[PDB]
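# A look at the structure
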Amino acid sequence: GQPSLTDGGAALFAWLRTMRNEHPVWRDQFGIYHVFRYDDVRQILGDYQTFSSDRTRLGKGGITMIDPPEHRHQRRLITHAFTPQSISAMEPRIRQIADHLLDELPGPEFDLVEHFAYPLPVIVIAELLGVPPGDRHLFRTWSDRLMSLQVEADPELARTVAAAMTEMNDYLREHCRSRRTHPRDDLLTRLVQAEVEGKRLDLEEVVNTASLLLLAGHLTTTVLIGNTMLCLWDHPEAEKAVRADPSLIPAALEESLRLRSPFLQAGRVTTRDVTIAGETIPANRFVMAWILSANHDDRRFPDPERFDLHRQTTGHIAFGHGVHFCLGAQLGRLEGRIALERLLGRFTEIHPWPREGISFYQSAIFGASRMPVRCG
Ligand code: HEM
């Protein structure tokens with residue numbers, strides 16, 4: 001990511017455009033190939049046969065790291081329980097969890113990430129999974145100790161992370177063996193009870209699917225909520241129209257997703273040689289598919305750096321493409337919408353404070369880790 005991520009991105013944007021225009025396929029000093037254009041990133045993401053996801057071979061048994069046909073048979077059991085109707089019924093819970101957050105903010109000057117956008121995705125997974133409310137602080141604890149994986153070295157960090165994972169995996173496991181004996185109406189209970197053509201996730205694939213949702217739908221949603229407030233702040237005409245018409249909160253989320261996509265890249269391993277934009281990547285190499293440049297590619301999104309609420313061309317690969325397309329996009333959108341509805345609903349006045357107090361993650365997640373605001 002060959003500039004500094006800490007000026008909002010303006011510098012990365014500029015660097016991508018050139019990389020797009022003049023090196024749409026680039027072998028980095030580590031042997032890693034990068035692809036920057038929309039058509040090419042999309043191409044890689046959907047062709048699971050050429051570009052494999054078993055990046056281990058140069059959650060190892062789970063859906064982010066296996067491929068079809070096996071990938072298709074496991075994810076169809078998850079989606080058995082992760083139904084779109086169950087995600088929609090989630091809406092009143094999300095609204096309540098966002099009102100509680102807002103009700104408890106520490107006065108009119110606070111950190112909009114720490115005290116709202118950072119906790120809400122975690123509380124929501126935890127209420128979806130069936131975690132009793134009084135256990136829900138333990139989850140916040142674990143996502144704090146585990147966020148190194150969402151972001152992505154030293155042995156120290158690795159060891160502490162592995163032990164946070166054991167802790168959580170024993171809590172979950174025990175918490176699934178109970179849903180087998182005392183079924184409840186949580187997501188957990190649907191997993192344990194899914195069955196497709198006479199097959200069942202075993203108890204461990206449930207645990208691992210649980211930890212996966214936690215860690216996948218957490219920080220991505222946090223930056224989505226942060227980032228969309230950053231877009232409104234950098235475009236006062238847009239924040240005008242959204243406030244005077246919250247009907248536009250969905251449109252604003254889409255454009256935020258394009259302009260400031262939470263997930264920067266996606267990595268596959270090449271299963272054969274292949275020519276991409278007149279460059280040829282050898283087999284058994286590692287490829288880095290820049291979801292962010294694609295979403296900023298002029299060839300398809302005119303004025304990529306402009307925040308337009310009424311773009312003619314839609315179709316951003318913020319959530320990806322192919323068989324691995326984000327299993328939570330539906331849920332993620334909903335979280336963002338409700339939470340923005342509430343936040344802007346509750347404060348006519350939300351200003352950065354200071355505007356130079358924002359800091360950003362440095363990693364695969366693109367957005368603010370700190371967002372001090374002042375409200376009224
Ligand atoms: C703003 C919100 C989100 C964004 C931008 C986002 C982005 C993405 C992207 C780009 C991928 C594709 C990875 C790849 O193809 O290599 C992905 C996969 C995935 N996401 Fe999301 N995600 C979001 C929220 C969520 C949520 C809320 C959940 C669940 C609660 C979730 C669960 C997953 C899972 C399980 C996968 C892997 C699917 C598979 O490997 O077949 N994500 N996400």
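Residues numbered from 1 in each chain as written, not as in the entry; some residues may be left out. Heavy atoms only, no water. Residues with missing side-chain atoms left out of burial classes, pairs and counts.

Method of determination, as annotated in the archive: X-ray crystallography, at 2.4110 Å resolution.

The PDB entry lists the protein chain under the name Cytochrome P450, with Thermobispora bispora as the source organism.

### Examining helix α1 (residues 10–22)
Put simply, the test is: Secondary structure counts use DSSP, requiring at least four H or I residues in a row for a helix and at least two E residues in a row for a strand, with both numbered from the N terminus. Expected span of a helix, by definition, is 1.5 Å for each gap between consecutive residues, and there is one gap fewer than residues. Only protein chains enter the accessibility calculation, which uses a 1.4 Å probe; a residue is then buried when its area is under 20% of its type maximum, exposed when over 50%, and partly exposed in between. By definition, the arc is the one covered by directions from the helix axis to the C-beta atoms. The criterion used for residue contact is that any of the two residues' heavy atoms lie within 4.5 Å.
Compared with an ideal rise of 1.5 Å per residue, which puts 13 residues at 18 Å, α1 spans 19 Å between its outermost C-alpha atoms and is within 8% of the ideal. Of all the positions in α1, only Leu-12, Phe-13, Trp-15, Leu-16, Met-19 and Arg-20 are classed as buried. Summarising the axial view, the buried residues of α1 lie within an arc of 165 degrees, below the 170-degree limit, and thus occupy one face. Summarising the geometry of α1, the exposed residues directed more than 90 degrees from the buried face are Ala-10 and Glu-22. On its buried side, α1 packs onto β1 (25–27), α14 (249–259) and α15 (291–294).

### Some points on the packing of α14 against helix α16 (residues 329–346)
Selection rule: Lines fitted to C-alpha atoms define the axes, with helix axes restricted to the stretch in contact, and inter-axis angles between N-to-C directions lie between 0 and 180 degrees. Put simply, angles under 35 degrees are roughly parallel, angles over 145 are roughly antiparallel, angles from 65 to 115 are roughly perpendicular, and the rest are oblique. By the definition used in this description, the sense in which the near helix is turned from the far one sets the handedness, with an anticlockwise turn below a right angle giving left-handed and a clockwise turn giving right-handed.
Between α14 and α16, the least distance of the axes is 10 Å, while the angle of their chain directions is 120 degrees. Taken as axis vectors, α14 and α16 run oblique relative to one another. Two packed elements cross with a definite hand, and for α14 against α16 that hand is right-handed. Contact with α14, carried on its side by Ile-249, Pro-250, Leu-253 and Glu-254, involves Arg-333, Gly-336, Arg-337, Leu-340, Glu-341 and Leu-344 of α16 and no other residues of that element.

### Considerations on the packing of aromatic side chains
The geometry of an aromatic ring pair is captured by two quantities: the separation of the ring centres and the angle between the planes. As a reminder of what qualifies: In this analysis, rings of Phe, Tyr and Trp, with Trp reduced to its six-membered ring, are considered paired at centre separations within 6.5 Å, and the interplanar angle assigns stacked below 30 degrees, edge-to-face beyond 60, and tilted for intermediate values. Put simply, a charge is over a ring when the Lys NZ or the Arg CZ is close to the ring centre, within 6 Å, and near the line of the ring normal, within 35 degrees.
Counted under the stated rule, the structure contains nine aromatic pairs. Here the aromatic rings of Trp-15 and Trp-290 are separated by 5.7 Å at their centres, their planes lie at 75 degrees, and the arrangement is edge-to-face. Classification of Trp-290 as buried rests on a relative accessible area of 1%. Here the aromatic residues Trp-15, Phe-36 and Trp-290 are joined through ring pairs into a cluster of three or more. Over the aromatic face of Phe-301 sits the side chain of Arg-258, whose NZ or CZ is 5.3 Å from the ring centroid.

### Points about the sheet that holds strand β9 (residues 350–352)
This is how the line gets drawn: We call two strands paired when DSSP finds no fewer than two bridges between them.
Strand order in this open sheet of three strands is β4-β12-β9, and the pairing throughout is antiparallel. Strands at the two margins of the open sheet, each flanked by one partner only, are β4 (109–111) and β9. Pairwise comparison of adjacent strand axes, ignoring direction, gives a mean angle of 35 degrees for this sheet. When β9 meets strand β12 (residues 372–375), the two strands line up antiparallel, connected through three bridges. When the sheet's bridge partners are listed, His-351 is paired in β12 with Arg-374.

### Examining the coordination of the iron atom of the ligand
As a reminder, the rule being used: With water excluded from the atoms, a metal site may look incomplete; its donors are any N, O or S atoms within 2.8 Å, or within 3.2 Å for Na, K and Ca.
In this structure, the iron atom of the ligand receives exactly one donor atom from the protein: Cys-326 (SG), at 2.4 Å. Residue placement: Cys-326 occurs in the loop between α15 and α16.

### A word on the UniProt feature "binding site: heme b" (unreviewed entry) in the protein chain
Put simply, the rule reads: UniProt positions are given in the numbering used here, feature names are shortened, and annotations may be inferred rather than shown by experiment.
UniProt tags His-71, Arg-75, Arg-268, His-324 and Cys-326 as "binding site: heme b" (unreviewed entry). Mapped onto the secondary structure, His-71 falls in helix α3 (residues 70–81). Judged by relative accessible area, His-71 falls into the buried class, the value being 2%. Once residues within four sequence positions are removed from consideration, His-71 is found in contact with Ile-63, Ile-66, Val-323 and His-324. Take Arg-75: it is sitting in helix α3. When sequence neighbours within four positions are dropped, the list of residues in contact with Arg-75 reads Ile-63, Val-323, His-324, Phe-325, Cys-326 and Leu-327.

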